Structures are given as C-alpha cells and as structure tokens.
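Asker: Pasting a structure here, questions to come.
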Amino acid sequence: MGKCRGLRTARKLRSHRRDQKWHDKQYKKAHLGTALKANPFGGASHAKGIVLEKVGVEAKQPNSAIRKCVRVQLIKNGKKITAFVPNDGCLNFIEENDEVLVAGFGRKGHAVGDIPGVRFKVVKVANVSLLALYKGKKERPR
Amino acid sequence: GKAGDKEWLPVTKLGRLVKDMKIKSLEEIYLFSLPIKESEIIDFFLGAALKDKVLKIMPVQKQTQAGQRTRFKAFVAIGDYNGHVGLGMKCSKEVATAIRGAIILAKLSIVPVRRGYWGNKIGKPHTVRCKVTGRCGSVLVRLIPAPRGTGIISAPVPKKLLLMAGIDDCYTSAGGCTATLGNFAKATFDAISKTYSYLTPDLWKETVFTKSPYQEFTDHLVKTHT
Amino acid sequence: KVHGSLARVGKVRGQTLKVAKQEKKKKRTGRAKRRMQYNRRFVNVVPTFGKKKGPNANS
Amino acid sequence: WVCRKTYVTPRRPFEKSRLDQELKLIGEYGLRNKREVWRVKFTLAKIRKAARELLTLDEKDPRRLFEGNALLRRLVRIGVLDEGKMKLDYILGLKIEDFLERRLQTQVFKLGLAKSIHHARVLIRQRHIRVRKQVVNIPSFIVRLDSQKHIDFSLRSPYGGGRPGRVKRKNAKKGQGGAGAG
Amino acid sequence: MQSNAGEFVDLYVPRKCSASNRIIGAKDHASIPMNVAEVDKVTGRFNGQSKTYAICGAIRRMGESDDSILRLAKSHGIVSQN
RNA sequence: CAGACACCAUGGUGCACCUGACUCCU
RNA sequence: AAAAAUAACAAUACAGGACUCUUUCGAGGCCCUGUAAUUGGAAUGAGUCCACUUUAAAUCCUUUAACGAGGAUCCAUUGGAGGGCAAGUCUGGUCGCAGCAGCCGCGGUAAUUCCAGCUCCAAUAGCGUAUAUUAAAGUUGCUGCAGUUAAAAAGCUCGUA
C-alpha cells in the first residue's frame with residue numbers, strides 16, 4: 001500500500017491508478033496497437049491468405065518430432081507469417097499458393113509447444129476446411 | 001472373512017467419566033475446554049456420520065546420503081454435518097498408513113464450529129453469524145455468510161469443509177498462492193474454529209464458570225487412581 | 001532453426017486402420033437417449049453390487 | 001425485436017458430481033436434455049435473489065409489497081409456492097423440483113394415461129391431452145392450480161374419445177387389413 | 001449464543017473470564033477454572049463448596065492470573081487479612 | 001598464547017508418480 | 001433467441017432390491033429396466049395433404065378429411081478420456097517417428113497422451129474453433145495490492161504546488 005488519502009484526492013487517484021495501470025504488460029501493448037501492428041490478428045478473428053511455402057520444421061528440443069508448418073502471406077493483413085499445420089497426414093493437402101484461412105493458435109501473441117516463433121494455425125487449407133479434410137468430411141478440390 | 005474389534009481404555013480422568021456415563025458428550029468437554037488424548041472418547045459419543053475425507057496424500061521427500069527419502073503426507077479430515085469437523089495429517093512411508101494414521105488424528109482433532117444465521121433469527125443454523133477468515137502461508141481464506149438457497153460458493157476444497165460444518169450458505173474470496181492446497185485447507189480450518197471466537201452480543205451473557213469435573217467426580221474417579 | 005524439409009506425412013496413419021460398428025439397437029437421440037442414461041445406470045437391477053469402476057474402466 | 005435466453009450456463013465446465021446430478025432430474029422428471037435442467041436453473045437463481053432483495057428491503061415498501069405480493073401470488077397461482085407460509089424466508093428455501101412437479105409432464109404421470117415419465121412427455125408431445133379447450137403440446141408448461149382440473153383426453157386423440165386422425169384407424173387397420181388380409 | 005426468543009442455535013455455551021472479559025472456547029489449553037474452598041468463619045473446618053473462577057491461557061501466557069485471582073479472591077472474599 | 005605458509009585448467013545425460021472396505025467364510 | 005422431436009408403452013424373459021415362504025439356500029415377489037424374440041393394441045407430426053384460414057395478394061402459422069414407426073425406425077450431433085478436465089492403468093498399430101500437447105505433457109517398443117478401432121464421457125440441433133472483450137484477478141488492488149530479503153522508499157534534506 002502507501003498512499004495519500006483525503007477529500008480532494010479524486011483528482012489524484014484518477015491520475016494515480018491509470019498511470020500505474022500503464023505499467024501492466026497486458027494494458028500497454030494492447031493499447032499501443034502493437035498487437036495489431038506486429039501481429040496480423042488482433043484486428044481479425046479469421047484472416048484468409050496465400051500460402052507462401054510449406055515449411056517442414058524439425059522441432060527445437062524438447063519434444064523430438066518434425067512440426068511441418070506452413071508459411072502464409074495474408075490478404076487483409078499482407079503479413080508473411082508462418083502457421084503451424086496440425087492434422088497428421090494433412091500437410092499433404094497443402095501446396096504452395098494454396099490460399100488458406102489462418103488463425104492464431106492458442107497463445108494469441110507468442111510461441112506454442114516445442115517450436116519458437118510459430119503462433120498461428122490454419123483453419124481451412126485451400127479455404128476448404130482442413131478439419132473436414134482430416135475428418136474426411138471434405139476432399140480438396142484443387 | 002476378517003473383522004475388527006474395539007477395546008476401551010481410559011488414560012485420563014475423562015475417559016473413565018466417559019466410559020462410566022458421567023461425561024456423555026464432547027459438548028461438555030467443548031464447554032470444559034479440556035484436552036482429549038483418546039479418539040475413542042469421540043467414538044464413544046458419536047461414532048456416526050463423521051465423514052472421513054482423504055484430501056491429499058502428497059509425496060514429499062528429503063534428500064539423504066544415499067539418494068533420497070520420501071514419505072506420503074496424507075491429509076485426512078473428519079466431520080459430521082452438524083457443527084463438528086476435524087483434520088489429521090500423517091506423514092508416513094505408506095499411503096494407507098498415512099491415511100489410517102491421519103484418520104485417527106482427524107478423530108482426535110474434531111472441533112466444534114459455531115453455525116448461525118445470515119440475516120435470519122430462526123431456522124436451525126444454516127451459515128455463520130459473522131464473516132470469518134484465516135491464513136496459512138499468505139493464503140487468506142475469508143468466509144462470508146449467505147442466506148438460504150444460495151449455496152456454498154467456494155473453491156472445491158473449502159466447499160467440502162463448509163459442507164462438513166453444515167454451513168450451507170457461504171461466500172468466498174481468497175488471495176495468496178494458487179497451488180498449495182494443503183495451505184488452503186489449513187487456512188480454511190483457521191476460519192471455522194474462529195466461529196466460536198467471535199464474541200456475539202448473544203455471547204455477552206456470561207456463564208457460571210463450571211467446577212472441573214475432575215474434582216466434581218474425584219471420588220467416583222477412584223478406580224485405581226482418582 | 002532454419003530447416004524446412006518435410007519427411008513423412010501420415011506415416012502412422014498409413015499403418016493404423018479403421019472399421020465401423022453397426023447399431024444392433026440404434027443410437028437413440030436427444031429425448032429418449034438422455035432419459036436412458038439415468039435409468040440404465042441405476043435401475044435395472046437397482047445397484048446393490050460392486051465398487052471401484054468407471055463406465056469404461058479396465059481399472 | 002427483443003429476445004433472451006431461457007437457459008443458463010455455470011462457470012464450471014466439468015463438475016461430474018453436478019453433471020450426474022443433472023442426469024437425475026432428467027431421469028426423475030422426464031426431461032429432454034440438460035437444457036431442461038438449465039431452464040429452471042436459469043429461473044430459480046433469479047427467484048431466490050428476488051426473494052433475497054425484497055427481504056433486504058425495508059418493510060411497508062410498495063415495491064417490496066405490491067411487487068412482492070404479486071410475486072407471492074404469482075408463485076401461488078401456479079401452485080408451486082403455497083401462501084400458507086408466504087414470506088421471503090421460505091422463498092429462499094424453494095427448489096427446482098417444485099416447478100417440475102407443476103409441469104404438465106409429471107401431472108400427466110401423476111394423473112392420467114401415463115405409465116412412465118418417458119410416456120408422460122409423449123402424451124403431451126403426441127397431443128393426446130387437452131388441458132383446457134386446448135391441445136397443449138408443451139411439456140414444460142408449468143401449470144396452475146385450476147390447470148390440474150381439466151387435463152383430459154384430447155379430441156384429436158381418437159382413443160379415449162376423439163375424432164380419428166390416421167392412427168386408431170391404423171390400429172383399426174391392424175384389425176382391418178392387419179387382420180382383414182388386405 | 002442463542003437465536004429467536006427461546007430457541008438456541010449454538011452447540012454449547014463456551015466459558016468466559018472475569019480478568020479480560022474474554023471467552024474460554026472449545027479445547028483451549030491452560031484454560032481452567034480455579035476452585036477455591038469456602039473455609040468458614042471462625043468455627044472452622046472448611047465449608048464444602050469451592051469458589052470457582054475461570055482462567056484462560058491468554059491471561060496465563062501474559063502472566064496476569066496471579067493478580068487476576070487476587071482481583072477475584074481478595075476482592076470477592078473470603079480471605080483472611082483482607 | 002610467543003619460529004619459517006609456491007601454482008594447480010576443463011568436463012556431460014531418462015525412470016521420486018494422485019484414494020477406502022475385512023463375506024480366507026474360519 | 002424461444003418452444004423441444006426423431007417414438008413410447010407394457011407383455012415376455014432374465015438380472016436381481018425389498019418382500020413372503022424358507023434354517024438359509026432357493027422359491028414366490030413386484031419396482032422393473034437393460035437386453036431377448038418380439039410385438040400387442042396405443043400413438044404422433046418429422047411429413048404429405050383436400051379443405052377453412054392467412055394477408056396488399058399472399059406466405060407461413062394454426063385448423064385439418066386423409067394417409068406417414070416394432071425396426072439396424074421416421075436411424076443427432078459436436079467435443080474429450082495422460083493430467084488439469086468428466087470419461088479407455090481399453091484394442092491394434094506406431095516407436096521421440098508419425099503425430100499429439102491452451103498449459104502441465106506423451107511417442108526413444110510391451111503408448112492410458114500418437115494414430116485409429118472399440119468403449120466411455122460431455123453437452124446437444126447444436127457442439128467445437130478463431131479472435132475480441134468481462135470476470136475469475138486483491139496479477140492495477142476506489143472498496144482492497146506489494147515496496148528489509150520475491151517486482152517496488154528517490155543519495156540526503158529543505159521546500160512550493
């Protein structure tokens with residue numbers, strides 16, 4: 001604790017609370033617009049984008065496996081981002097220039113799992129629902 | 001086919017007055033504020049509804065000269081749903097030894113909790129009369145009474161503890177460390193024995209300062225020793 | 001690090017295969033399904049027997 | 001223009017003791033899913049707090065009385081509450097199942113052509129009953145006191161009295177084509 | 001601690017003290033009565049009933065109980081030379 | 001209490017795992 | 001967003017729980033509920049459909065003559081079982097691979113984390129995801145934060161606002 005308290009200090013605590021609230025990491029970057037600026041989401045819920053390339057990522061230790069991500073430039077955002085590929089046997093559904101609906105994965109701003117720098121996933125590979133592709137409910141028409 | 005037995009033994013003046021139907025309830029000793037070293041005194045008096053709750057058997061350990069050494073830190077609580085709850089902690093090498101040890105330690109350590117009313121004045125108590133609290137390593141467990149139909153709005157560890165009291169209507173707000181659950185229940189056990197500790201104006205009517213049934217029965221207490 | 005070469009996609013899926021199991025009695029739906037879930041779990045015989053299980057436990 | 005949800009969602013996702021407790025009320029009263037549990041669960045939290053707020057109001061307040069005596073009467077016209085107690089302390093003591101008994105379904109199971117509460121929901125859903133001059137098709141109907149005095153066969157149930165639709169005819173066709181050999 | 005007029009909510013009535021005006025609770029240790037025999041009135045051969053005075057551990061752990069019963073046995077009687 | 005005192009670098013990896021009941025029927 | 005279907009219901013039988021007989025056994029004995037072969041009358045729109053209706057005209061709605069369920073039906077889904085987190089110490093495969101895993105984590109061969117089967121759980125005409133924000137959060141603490149050693153008393157003092 002430790003504060004002034006009187007009958008005119010509404011002027012103080014109006015200044016004092018928010019200026020201490022600016023020290024919050026969650027309050028700062030969300031109100032700097034940097035999450036919109038550094039990340040393509042923050043200003044989108046889903047965003048469609050062209051596959052730049054398919055990136056078969058060997059995982060940095062721990063969790064020894066191969067991640068096999070994909071790299072996407074969005075259309076509304078234009079940001080050359082790398083999205084993780086879930087769904088075993090469905091990196092095969094991806095090509096290059098294979099326009100995908102990307103989403104943030106689970107962290108909304110930082111890396112997940114055993115793999116640094118990747119914070120995105122693809123909802124719809126070829127915009128034809130990779131979930132239904134892994135379920136077999138859809139086939140890739142491309 | 002296997003069965004258990006019970007044999008009474010008094011080790012104090014109380015347990016003779018227990019076994020001879022001179023002390024009939026813990027409520028006397030709860031008024032008398034006397035020690036109890038026999039969990040069977042409790043078992044002589046209630047023997048029923050005293051729900052045993054094995055909370056956490058957590059494996060704690062110490063490092064030794066040859067590797068390490070571990071033990072099971074079992075948290076067994078007792079209580080009937082009537083205003084009396086207990087707790088035992090037994091740190092044994094086995095699980096069930098640490099369980100059945102802390103079972104009897106819960107039996108010996110059953111304490112009364114004082115239930116009351118929220119804003120009610122009648123209705124056979126449903127909550128506390130007063131907001132009570134307790135800490136165990138910076139984990140503050142504050143309890144706030146509720147009226148009837150509200151329920152025990154709690155973390156799942158005090159929700160069972162407020163259940164065993166019979167405090168069926170309570171609010172919670174806890175601050176501190178988020179993971180140390182044994183310090184949650186031990187801080188929660190501080191608040192429930194605090195229910196008698198708050199001085200109600202109903203408790204301003206003082207008592208007649210009863211006269212030590214050691215001395216009141218010391219001639220009846222002559223069995224092999226007074 | 002920098003590496004971007006895929007090696008195996010569906011390596012375990014090409015060697016792990018599936019079948020189906022047909023309804024002898026149907027998958028009952030909605031109303032009489034959720035009605036069935038209470039009465040089957042308790043009153044068939046009324047539970048007098050048993051301990052230490054889940055509904056799928058080999059435990 | 002204006003709509004709302006009539007069910008509720010708790011803040012705990014998996015509380016299996018509660019999840020099987022909700023399985024009881026479906027099996028004890030004949031419900032569709034946990035939404036029919038959560039529908040009355042949506043109401044009864046507001047009912048106790050409305051009982052709580054009027055209790056914490058100062059007495060002889062018309063917003064405590066005229067609203068409350070309506071709320072006393074509204075809970076008694078449906079026969080869930082009885083007004084022999086008729087104060088806010090006991091309204092804090094009501095429950096879900098007092099309404100479930102005053103549903104149309106259980107009163108059909110209590111009174112009439114229902115052998116089961118599977119069966120009791122069916123007789124409303126397959127419109128065998130008239131609760132008034134009213135084919136009533138809603139099992140969550142929660143009834144009033146007079147409502148339990150006119151539940152009959154419907155006149156669209158051709159058994160127990162009614163104009164034939166196609167079913168007692170089919171059950172006649174079970175003896176006139178099921179037994180008439182064509 | 002009681003409820004509505006004739007109805008008693010509490011499980012029991014915990015004891016008190018006269019030195020700190022403070023209750024003696026449930027299982028409180030060094031929380032004891034003090035039974036001091038009524039000795040009688042030059043005829044002698046002490047008369048039965050001991051004068052009781054409940055002492056808590058708090059006034060004991062603060063070391064108050066010596067003057068406290070001196071405020072209870074001298075002040076209330078009976079004691080010679082007082 | 002109260003006699004004499006030099007430099008000596010490096011080095012590495014998996015398993016401590018979360019509940020109760022006693023119809024051996026003698 | 002609201003109502004809430006995709007069938008009950010018995011009979012049968014078992015599998016028993018009281019029960020009654022029986023020293024118990026066991027039998028009788030229902031509540032039955034699953035499961036059996038079934039159904040038996042008994043239904044119902046989900047439909048289809050004359051018709052009345054409807055309204056600017058309609059349209060739907062409701063009204064319906066009439067048809068539309070014994071079965072694998074007129075046949076629900078979407079999520080989860082390594083924990084957190086409910087429900088696979090399943091069955092198979094895989095063998096630090098493929099994948100999975102918000103987090104804590106599996107997989108380096110007798111995989112409860114994979115991948116499936118199966119079983120179960122969960123909600124349910126929804127369920128799941130993404131992102132967003134509100135709480136939980138007394139981790140912004142006005143109520144109500146912490147500042148010796150975890151973040152946090154200015155080098156010290158006067159001294160105005």
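Every chain in the structure tokens takes a letter, A first, then B, and so on in the order presented; its residues are numbered from 1, and the ligands are numbered from 1 following the presented order.
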Write down as number ranges by chain the residues belonging to chain C that are assigned helix (DSSP H, G or I) by DSSP computed on the backbone.

Answerer: C: 13-15, 31-41

Asker: Show me, as CSV, the residues of chain A having an atom within 7 Å of chain G, each with the closest atom pair and its distance in Å, using only C-alpha atoms (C1' of nucleotides).

Answerer:
residue,atom,partner,partner_atom,distance
A:1,CA,G:145,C1',6.5
A:17,CA,G:140,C1',6.8
A:20,CA,G:140,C1',6.5
A:21,CA,G:140,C1',5.0
A:42,CA,G:131,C1',6.8
A:44,CA,G:131,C1',6.3
A:45,CA,G:131,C1',3.7
A:46,CA,G:130,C1',6.1
A:63,CA,G:96,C1',6.6
A:64,CA,G:96,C1',4.9
A:65,CA,G:96,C1',6.4
A:88,CA,G:99,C1',5.7
A:103,CA,G:130,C1',5.7
A:104,CA,G:130,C1',6.7
A:106,CA,G:102,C1',5.2
A:107,CA,G:102,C1',6.9

Asker: When you count only C-alpha atoms (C1' of nucleotides), which of these residues is closest to chain D: G:117, G:17, G:70, G:45?

Answerer: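 When distances to chain D are compared using only C-alpha atoms (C1' of nucleotides), the smallest one comes from G:45.
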
Asker: Identify, on the basis of only C-alpha atoms (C1' of nucleotides), every residue whose closest approach to region 209-214 of chain B does not exceed 6 Å; exclude the query and any residue fewer than 3 positions from it along the same chain; express the result as a list in words.

Answerer: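 In the requested format, the answer is residues 217 and 218 of chain B; 54 of chain E.
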
Asker: Please produce, as CSV, a per-residue contact table for chain G versus chain D (criterion: any atom at most 7 Å away, only C-alpha atoms (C1' of nucleotides) considered), showing the nearest atom pair and its distance in Å to one decimal, sorted by chain then residue number.

Answerer:
residue,atom,partner,partner_atom,distance
G:1,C1',D:3,CA,5.1
G:8,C1',D:119,CA,5.5
G:9,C1',D:119,CA,6.9
G:43,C1',D:167,CA,6.5
G:44,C1',D:126,CA,4.5
G:67,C1',D:166,CA,6.5
G:85,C1',D:14,CA,6.4
G:86,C1',D:16,CA,5.5

Asker: Find the spatial neighbours of region 17-20 of chain F, counting only C-alpha atoms (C1' of nucleotides), within a cut-off of 8 Å - ignore same-chain residues fewer than 6 positions away - and output them as a ChimeraX atom specification.

Answerer: /B:54,56-58

Asker: I'd like the neighbourhood of residue 19 (chain C) as a PDB file with N, CA and C atoms (P, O5', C5', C4', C3', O3' and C1' of nucleotides), in the first residue's frame, where a residue qualifies if any of its atoms comes within 12 Å (using only C-alpha atoms (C1' of nucleotides)), though same-chain residues fewer than 6 positions away should be ignored.

Answerer:
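Produced file around-v4.pdb, reproduced below:
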ATOM      1  P     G G  92      -3.811 -55.289 -28.069  1.00  0.00           P
ATOM      2  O5'   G G  92      -3.471 -54.722 -29.516  1.00  0.00           O
ATOM      3  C5'   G G  92      -3.651 -55.540 -30.657  1.00  0.00           C
ATOM      4  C4'   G G  92      -3.751 -54.733 -31.924  1.00  0.00           C
ATOM      5  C3'   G G  92      -2.558 -53.870 -32.276  1.00  0.00           C
ATOM      6  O3'   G G  92      -1.435 -54.570 -32.768  1.00  0.00           O
ATOM      7  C1'   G G  92      -4.481 -52.593 -32.539  1.00  0.00           C
ATOM      8  P     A G 116      -6.637 -40.703 -37.120  1.00  0.00           P
ATOM      9  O5'   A G 116      -7.234 -41.573 -35.927  1.00  0.00           O
ATOM     10  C5'   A G 116      -8.490 -42.224 -36.055  1.00  0.00           C
ATOM     11  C4'   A G 116      -8.301 -43.681 -36.372  1.00  0.00           C
ATOM     12  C3'   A G 116      -9.241 -44.648 -35.674  1.00  0.00           C
ATOM     13  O3'   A G 116     -10.527 -44.749 -36.249  1.00  0.00           O
ATOM     14  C1'   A G 116      -7.061 -45.381 -35.340  1.00  0.00           C
ATOM     15  P     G G 117     -11.812 -44.581 -35.301  1.00  0.00           P
ATOM     16  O5'   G G 117     -12.214 -46.072 -34.915  1.00  0.00           O
ATOM     17  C5'   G G 117     -12.341 -47.067 -35.915  1.00  0.00           C
ATOM     18  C4'   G G 117     -12.123 -48.447 -35.356  1.00  0.00           C
ATOM     19  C3'   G G 117     -12.975 -48.796 -34.148  1.00  0.00           C
ATOM     20  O3'   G G 117     -14.278 -49.231 -34.483  1.00  0.00           O
ATOM     21  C1'   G G 117     -10.736 -49.272 -33.652  1.00  0.00           C
ATOM     22  P     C G 118     -15.548 -48.427 -33.922  1.00  0.00           P
ATOM     23  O5'   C G 118     -15.856 -49.115 -32.521  1.00  0.00           O
ATOM     24  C5'   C G 118     -15.794 -50.523 -32.371  1.00  0.00           C
ATOM     25  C4'   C G 118     -15.322 -50.898 -30.993  1.00  0.00           C
ATOM     26  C3'   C G 118     -16.035 -50.206 -29.846  1.00  0.00           C
ATOM     27  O3'   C G 118     -17.302 -50.745 -29.515  1.00  0.00           O
ATOM     28  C1'   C G 118     -13.723 -50.024 -29.507  1.00  0.00           C
TER      29        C G 118
END

Asker: I'd like the neighbourhood of residue 35 (chain C) as a PyMOL selection string, where a residue qualifies if any of its atoms comes within 10 Å (using only C-alpha atoms (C1' of nucleotides)), though same-chain residues fewer than 2 positions away should be ignored.

Answerer: (chain C and resi 28-33+37-40) or (chain D and resi 23-33+117-118)

Asker: Hey, can you spit out that residue selection with C-alpha atoms as a PDB file, in the first residue's frame?

Answerer:
ATOM      1  CA  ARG C  28     -31.141 -43.188 -29.599  1.00  0.00           C
ATOM      2  CA  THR C  29     -31.214 -39.427 -29.975  1.00  0.00           C
ATOM      3  CA  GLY C  30     -31.959 -36.473 -27.723  1.00  0.00           C
ATOM      4  CA  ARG C  31     -35.013 -37.172 -25.578  1.00  0.00           C
ATOM      5  CA  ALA C  32     -35.046 -40.919 -25.011  1.00  0.00           C
ATOM      6  CA  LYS C  33     -31.248 -41.106 -25.126  1.00  0.00           C
ATOM      7  CA  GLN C  37     -28.712 -42.603 -19.443  1.00  0.00           C
ATOM      8  CA  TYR C  38     -30.145 -42.196 -15.955  1.00  0.00           C
ATOM      9  CA  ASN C  39     -32.331 -45.289 -15.769  1.00  0.00           C
ATOM     10  CA  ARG C  40     -29.776 -47.676 -17.273  1.00  0.00           C
TER      11      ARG C  40
ATOM     12  CA  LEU D  23     -28.817 -36.639 -15.104  1.00  0.00           C
ATOM     13  CA  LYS D  24     -31.058 -37.418 -12.123  1.00  0.00           C
ATOM     14  CA  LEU D  25     -33.579 -34.614 -12.717  1.00  0.00           C
ATOM     15  CA  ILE D  26     -33.940 -35.707 -16.340  1.00  0.00           C
ATOM     16  CA  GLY D  27     -34.493 -39.292 -15.240  1.00  0.00           C
ATOM     17  CA  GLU D  28     -36.687 -38.285 -12.300  1.00  0.00           C
ATOM     18  CA  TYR D  29     -38.971 -35.960 -14.275  1.00  0.00           C
ATOM     19  CA  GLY D  30     -38.643 -36.933 -17.933  1.00  0.00           C
ATOM     20  CA  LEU D  31     -36.607 -34.126 -19.449  1.00  0.00           C
ATOM     21  CA  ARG D  32     -35.147 -33.650 -22.928  1.00  0.00           C
ATOM     22  CA  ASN D  33     -31.546 -32.755 -22.015  1.00  0.00           C
ATOM     23  CA  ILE D 117     -42.380 -40.227 -17.493  1.00  0.00           C
ATOM     24  CA  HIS D 118     -40.997 -41.295 -20.834  1.00  0.00           C
TER      25      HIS D 118
END

Asker: Return as a count of residues only the residues belonging to chain B that are within 9 Å of chain E, counting only C-alpha atoms.

Answerer: 42

Asker: Using only C-alpha atoms (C1' of nucleotides), find the one residue out of F:7, F:16, F:21, F:26 that sits nearest to chain C.

Answerer: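 The answer is F:21, which sits nearest to chain C.
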
Asker: Neighbouring residues of region 74-88 of chain D were defined as those with any atom within 12 Å, considering only C-alpha atoms (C1' of nucleotides); residues of the same chain fewer than 4 positions away were excluded. Please report them as a VMD selection string.

Answerer: (chain B and resid 119 to 120 147 to 149) or (chain D and resid 44 47 to 57 59 64 to 70 92 to 104 141 to 148)

Asker: For CA of residue 8 (chain B) and CA of residue 43 (chain B), determine how far apart the two atoms are, in Å to one decimal place.

Answerer: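 For CA of residue 8 (chain B) relative to CA of residue 43 (chain B), the distance reads 10.1 Å.
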
Asker: Using only C-alpha atoms (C1' of nucleotides), tabulate the residues of chain C lying at most 7 Å from any atom of chain G, each with its closest atom pair and that distance in Å to one decimal, by chain and increasing residue number, as JSON lines.

Answerer:
{"residue": "C:8", "atom": "CA", "partner": "G:98", "partner_atom": "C1'", "distance": 7.0}
{"residue": "C:9", "atom": "CA", "partner": "G:98", "partner_atom": "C1'", "distance": 6.9}
{"residue": "C:10", "atom": "CA", "partner": "G:98", "partner_atom": "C1'", "distance": 6.0}
{"residue": "C:11", "atom": "CA", "partner": "G:98", "partner_atom": "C1'", "distance": 4.7}
{"residue": "C:12", "atom": "CA", "partner": "G:98", "partner_atom": "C1'", "distance": 4.6}
{"residue": "C:13", "atom": "CA", "partner": "G:115", "partner_atom": "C1'", "distance": 5.5}
{"residue": "C:15", "atom": "CA", "partner": "G:93", "partner_atom": "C1'", "distance": 6.3}
{"residue": "C:16", "atom": "CA", "partner": "G:93", "partner_atom": "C1'", "distance": 4.9}
{"residue": "C:17", "atom": "CA", "partner": "G:116", "partner_atom": "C1'", "distance": 5.6}
{"residue": "C:18", "atom": "CA", "partner": "G:117", "partner_atom": "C1'", "distance": 5.5}
{"residue": "C:19", "atom": "CA", "partner": "G:117", "partner_atom": "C1'", "distance": 6.2}
{"residue": "C:23", "atom": "CA", "partner": "G:72", "partner_atom": "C1'", "distance": 5.6}
{"residue": "C:24", "atom": "CA", "partner": "G:72", "partner_atom": "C1'", "distance": 5.4}
{"residue": "C:25", "atom": "CA", "partner": "G:72", "partner_atom": "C1'", "distance": 6.5}
{"residue": "C:26", "atom": "CA", "partner": "G:75", "partner_atom": "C1'", "distance": 6.4}
{"residue": "C:29", "atom": "CA", "partner": "G:76", "partner_atom": "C1'", "distance": 5.8}
{"residue": "C:39", "atom": "CA", "partner": "G:33", "partner_atom": "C1'", "distance": 6.9}
{"residue": "C:40", "atom": "CA", "partner": "G:34", "partner_atom": "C1'", "distance": 6.2}
{"residue": "C:43", "atom": "CA", "partner": "G:33", "partner_atom": "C1'", "distance": 6.0}
{"residue": "C:44", "atom": "CA", "partner": "G:33", "partner_atom": "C1'", "distance": 4.2}
{"residue": "C:45", "atom": "CA", "partner": "G:16", "partner_atom": "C1'", "distance": 5.3}
{"residue": "C:46", "atom": "CA", "partner": "G:17", "partner_atom": "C1'", "distance": 6.1}
{"residue": "C:55", "atom": "CA", "partner": "G:120", "partner_atom": "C1'", "distance": 6.0}
{"residue": "C:56", "atom": "CA", "partner": "G:120", "partner_atom": "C1'", "distance": 4.9}
{"residue": "C:57", "atom": "CA", "partner": "G:88", "partner_atom": "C1'", "distance": 6.5}
{"residue": "C:58", "atom": "CA", "partner": "G:90", "partner_atom": "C1'", "distance": 6.5}
{"residue": "C:59", "atom": "CA", "partner": "G:89", "partner_atom": "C1'", "distance": 5.9}

Asker: In Å to one decimal, how far is CA of residue 136 (chain B) from CA of residue 183 (chain B)?

Answerer: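 Result for CA of residue 183 (chain B) versus CA of residue 136 (chain B): 5.3 Å, one decimal.
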
Asker: Find the residues in chain B near chain G: any atom within 10 Å counts, using only C-alpha atoms (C1' of nucleotides). Write them as a PDB file with N, CA, C and O atoms, in the first residue's frame.

Answerer:
ATOM      1  N   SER B 173     -13.802 -15.334  -0.930  1.00  0.00           N
ATOM      2  CA  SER B 173     -12.862 -14.506  -1.674  1.00  0.00           C
ATOM      3  C   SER B 173     -11.474 -14.769  -1.112  1.00  0.00           C
ATOM      4  O   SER B 173     -11.186 -14.396   0.030  1.00  0.00           O
ATOM      5  N   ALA B 174     -10.618 -15.407  -1.908  1.00  0.00           N
ATOM      6  CA  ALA B 174      -9.322 -15.867  -1.436  1.00  0.00           C
ATOM      7  C   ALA B 174      -8.199 -15.214  -2.226  1.00  0.00           C
ATOM      8  O   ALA B 174      -8.277 -15.084  -3.451  1.00  0.00           O
ATOM      9  N   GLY B 175      -7.156 -14.809  -1.511  1.00  0.00           N
ATOM     10  CA  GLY B 175      -5.948 -14.317  -2.140  1.00  0.00           C
ATOM     11  C   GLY B 175      -4.733 -14.995  -1.545  1.00  0.00           C
ATOM     12  O   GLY B 175      -4.735 -15.419  -0.390  1.00  0.00           O
ATOM     13  N   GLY B 176      -3.687 -15.089  -2.352  1.00  0.00           N
ATOM     14  CA  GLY B 176      -2.466 -15.753  -1.954  1.00  0.00           C
ATOM     15  C   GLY B 176      -1.868 -16.602  -3.058  1.00  0.00           C
ATOM     16  O   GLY B 176      -1.986 -16.309  -4.252  1.00  0.00           O
TER      17      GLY B 176
END

Asker: Can you list, as an MDAnalysis selection string, every residue of chain D that DSSP puts in strand (DSSP E or B)?

Answerer: chainID D and resid 129:132 134:135 152:153

Asker: Between CA of residue 79 (chain E) and CA of residue 226 (chain B), what is the distance in Å, rounded to a tenth?

Answerer: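 One can read the CA of residue 79 (chain E) to CA of residue 226 (chain B) distance as 28.6 Å.
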